[PDB]
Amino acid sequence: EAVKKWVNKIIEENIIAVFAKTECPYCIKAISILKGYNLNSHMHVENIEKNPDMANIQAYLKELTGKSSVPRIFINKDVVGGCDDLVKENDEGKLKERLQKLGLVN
């Protein structure tokens, strides 16, 4: 219960929620892409590797999304997925459309 509630709170209280690990180039690239849209003020990154419950968090992220890997990216509670999914959405205009719908980009 506690782990799920905590993960939920991160996803529900931040429009952009990224679960990450330490020294991961795909975590870093995804966060950099998102900050490139000047999303900092509505973004929260959680390093779940520096956490005693990493495996529980990853298992719950798999329950929510189908994958246990980080980065795990949510936008207004919708699952974007990993960095590869973010790159596809970014290159194909879907990311910008999401952010426009949220008033985050004009």
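A residue's number is simply how far along the shown sequence it sits, counting from 1.
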Averaging CA B factors per stretch from the PDB record, which one is higher: 23-31 or 36-44? 36-44
Third of the chain's Cα B-factor distribution that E13 belongs to, per the entry: highest
Thinking about Cα B factors across the chain, which third does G66 belong to? highest
Divide the modelled residues of the chain into thirds by Cα B-factor and specify which third, lowest, middle or highest, holds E97. highest
